[PDB]
Amino acid sequence: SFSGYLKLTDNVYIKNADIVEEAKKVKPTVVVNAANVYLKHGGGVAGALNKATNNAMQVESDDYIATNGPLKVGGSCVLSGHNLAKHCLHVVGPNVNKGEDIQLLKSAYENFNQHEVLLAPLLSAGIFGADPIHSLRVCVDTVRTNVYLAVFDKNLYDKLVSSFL
Ligand SMILES: CNC(=O)c1cc2ccc(F)cc2nc1C
């Protein structure tokens, strides 16, 4: 199972790890993708997860979008996890660089509650522009299921653990 995680609360754990490498080692039931409404996995966690699937995640996502249209900001969809997990929960956090509403971050984390255990990144963090300390706070105050957070950046990981209330 998951190893080397620091327990923050009854149900939230955190580790300084590359979510792609973490997904391949563990092969969780669910890996969370930091998706956009179009499921266009270009950069950040999305580009990295997609590149690990040899673009199979993007091909599957384009078929999903052609059939269903785009997701909502704060929404999600369950697709295959390919070589990384049983499933991939594509969650759309607000992108503050695209002027999207930060209040939608709680709605985005609510999607995690439909899954008993997940390997995930901090939503709206990184290239999405939100404050990662705020994202971790929303995560522990919203998610009730078991979440194993993978934080790529070592200096951000230290700042998050050392500042956690
Ligand atoms: C094998 N690793 C990767 O391909 C990789 C992983 C990342 C994970 C999170 C992130 F936000 C960025 C990452 N970037 C990359 C290139």
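We're numbering straight along the sequence, starting at 1. Scope of the values below: all heavy atoms of this structure, side chains included, with no hydrogens, waters or symmetry mates.
Proximity of a side-chain donor or acceptor of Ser135 to a complementary backbone N or O of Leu123 within less than 3.5 Å is detected. Panel note: side chain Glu60, backbone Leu79; no donor-acceptor pair is recorded below 3.5 Å. Of the possible polar contacts, one joining the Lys15 side chain to the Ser3 backbone as a donor-acceptor pair under 3.5 Å is found. Side-chain atoms of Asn111 come within 3.5 Å of backbone N or O of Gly74 as a donor-acceptor pair. Counting only distance, with no hydrogens or angles, the side chain of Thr145 and the backbone of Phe112 share a donor-acceptor pair below 3.5 Å. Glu100 places no side-chain N or O within 3.5 Å of a backbone atom of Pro94 that could act as its donor or acceptor partner. Within the 3.5 Å criterion, the main-chain N or O of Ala46 finds no donor-acceptor partner in the side chain of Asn50. Side-chain N or O atoms of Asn55 include none that pairs as donor or acceptor with a backbone N or O of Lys51 at under 3.5 Å.
Between the CG atom of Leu89 and the CG atom of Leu119 there is a distance of 11.5 Å, given to the nearest 0.5 Å. The distance from the CG atom of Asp62 to the CD1 atom of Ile65 is 8.0 Å, given to the nearest 0.5 Å. To the nearest 0.5 Å, atom OG1 of residue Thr142 and atom CG of residue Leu105 are 7.5 Å apart. Expressed to the nearest 0.5 Å, how far CG of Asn33 lies from CG of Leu39 amounts to 8.0 Å. Taking CG of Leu160 as the start and CG of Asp153 as the end, the distance is 9.0 Å to the nearest 0.5 Å. In this structure, CG in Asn83 is found 8.0 Å from CE in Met57, a value given to the nearest 0.5 Å.
Enclosure of atom NZ in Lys106 by more than 12 non-hydrogen atoms of other residues, nucleotides or ligands within 6.0 angstrom is indicated. Under a cut-off of 6.0 angstrom, the local environment of NZ in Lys7 is crowded, with over 12 non-hydrogen atoms contributed by other residues, nucleotides or ligands. The number of heavy-atom neighbours closer than 6.0 Å to CD of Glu21, taken from other residues, nucleotides and ligands shown, is above 12. Other residues, nucleotides and ligands contribute over 12 non-hydrogen atoms within 6.0 Å of the CG atom of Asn97. Heavy-atom contacts from other residues, nucleotides or ligands closer than 6.0 Å to NZ of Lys98 number more than 12.
In terms of heavy atoms, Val31 sits closest to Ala23 at CG2-CB, 4.4 Å. Between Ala130 and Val96 the shortest heavy-atom distance is N-CG2, 4.0 Å. Residues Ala108 and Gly93 approach most closely at CB-CA, 4.0 Å, considering heavy atoms. In plain terms, the two heavy atoms of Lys24 and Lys27 that are nearest each other are O-CE, 3.4 Å. Listed here is the closest heavy atom pair of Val20 and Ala52: CG1-CB, 3.6 Å. For the pair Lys72 and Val92, the tightest heavy-atom approach, listed with the atom from each and the gap, is O-CB, 3.7 Å.
A salt bridge is absent between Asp10 and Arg144; no separation between the charged side-chain nitrogens and carboxylate oxygens falls under 4.0 Å.
Inter-residue side-chain proximity for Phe164 and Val140 is flagged as met; some heavy-atom pair is nearer than 4.5 Å. Two residues are said to be in side-chain contact when any heavy atoms from C-beta on lie closer than 4.5 Å; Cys77 and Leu71 meet this criterion. Counting heavy atoms from C-beta outward, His115 and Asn146 have side chains that stay 4.5 Å or more apart. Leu136 is not listed as a side-chain neighbour of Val151, based on a closest heavy-atom distance of 4.5 Å or more. Using a 4.5 Å heavy-atom threshold, the side chains of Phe128 and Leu122 count as separate. Residues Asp158 and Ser162 have side chains not in contact (no heavy-atom distance under 4.5 Å, counting atoms from C-beta outward). Side-chain contact between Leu165 and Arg137 is present, with heavy atoms from C-beta onward closer than 4.5 Å.
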Determine whether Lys86 and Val30 satisfy the following criterion, side-chain contact (heavy atoms from CB on, under 4.5 Å), listing intermediate values before the conclusion.
CA-CA 6 Å; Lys86 170 58 168 301; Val30 177; over 6 Å; no

Kindly determine whether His41 and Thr53 satisfy side-chain contact (heavy atoms from CB on, under 4.5 Å), including the steps that lead there.
CA-CA 11 Å; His41 312 310; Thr53 73; over 6 Å; no

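Under the 4.5 Å side-chain heavy-atom criterion for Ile, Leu, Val, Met, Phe, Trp and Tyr, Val91 and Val45 are members of distinct hydrophobic clusters. Hydrophobic clustering (ILVMFWY, side-chain heavy atoms < 4.5 Å, transitive): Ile19 and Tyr5 are in one cluster. In terms of hydrophobic clustering, with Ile, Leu, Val, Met, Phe, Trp and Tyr side chains grouped at heavy-atom distances under 4.5 Å, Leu118 and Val12 are assigned to a common cluster. Hydrophobic clustering of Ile, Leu, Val, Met, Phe, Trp and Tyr side chains at less than 4.5 Å, counting indirect connections, unites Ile133 with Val147.
Taking the six-membered ring for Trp and thresholds of 30 and 60 degrees, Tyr148 and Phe2 have nearly parallel ring planes, at less than 30 degrees apart.
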